[PDB]
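The form deposited in one PDB entry is given below as one chain in structure tokens.
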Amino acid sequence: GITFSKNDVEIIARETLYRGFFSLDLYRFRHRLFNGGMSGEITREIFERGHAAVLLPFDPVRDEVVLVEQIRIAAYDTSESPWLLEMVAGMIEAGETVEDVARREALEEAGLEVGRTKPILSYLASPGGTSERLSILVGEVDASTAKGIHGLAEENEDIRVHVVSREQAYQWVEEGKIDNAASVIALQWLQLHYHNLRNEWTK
């Protein structure tokens, strides 16, 4: 596997390029080379938006998944529609745990009370240009309690809940109808683990 550590990097500076809702910084740095010595000075524009907790709501009794739908305008230029089917998710504030945030966002974004959880994976969304990390859990839910329109009018959020079979959700990944990283990763994980997960949660 890997070889080097943070001691093998010199971050010379992080220079603010843009500050608004999100931020962009120019990282200026040097790093050790595989064949020895230090690199020249490298610069990269890095999009900074904090980090997220993500929850796949799975009903192991019914073999159903709860998805949320809302507009993500950034999807527009490359997608059939900017309304996407997604996992519940939210930012992790200072000092918070993934599990606390995941449970809260499930309740706030989709009205869901989560029972047990298990970790899926924690991933870097696109580390060539953004620092964002997202940590995914699967959360036990009763999919008869998933309903209604959600979102804070204070943040111009408008969210619909969809309850589908696991099989349908995964088929939608295969077909490209679900095609955002968090949901693809979560639903592929679920396809690899659902048998044992249902056993664990219906014992």
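C-alpha atoms forming the largest set that superposes within 1.5 Å between two forms make up the rigid core. The first residue of the shown sequence is 1; numbering continues from there.
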{"property": "Residue 151 unmodelled in at least a third of other compared entries", "result": "yes"}
{"property": "Between 92 to 100 and 115 to 123 (mean CA B-factor, as deposited), the higher", "result": "92 to 100"}
{"property": "192 to 200 set against 1 to 9, stretch whose average Cα temperature factor tops the other in the entry", "result": "1 to 9"}
{"property": "Residue selected from 69, 48, 41, 63 by maximal Cα B factor", "result": "41"}
{"property": "Top residue by Cα temperature factor, when 55, 146, 26, 164 are compared in the entry", "result": "146"}
{"property": "For residue 173, the third of its chain into which the C-alpha B factor falls", "result": "lowest"}
{"property": "Assigned third (lowest, middle, highest) for the C-alpha B factor of residue 142", "result": "middle"}
{"property": "Third of the chain, ranked by Cα B-factor, where residue 134 sits", "result": "lowest"}
{"property": "CA B-factor placement of residue 59, once the chain's modelled residues are sorted into thirds", "result": "lowest"}
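FYI, the form deposited in another entry isn't displayed, but the following is about it.
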property: Out of 184, 9, 190, 24, the residue that alone shifts its CA by 2 Å or more between this form and the one not shown when the rigid core is the reference; result: 9
property: Core fit, then residue 38 C-alpha moves 2 Å or more between this form and the one not shown; result: yes
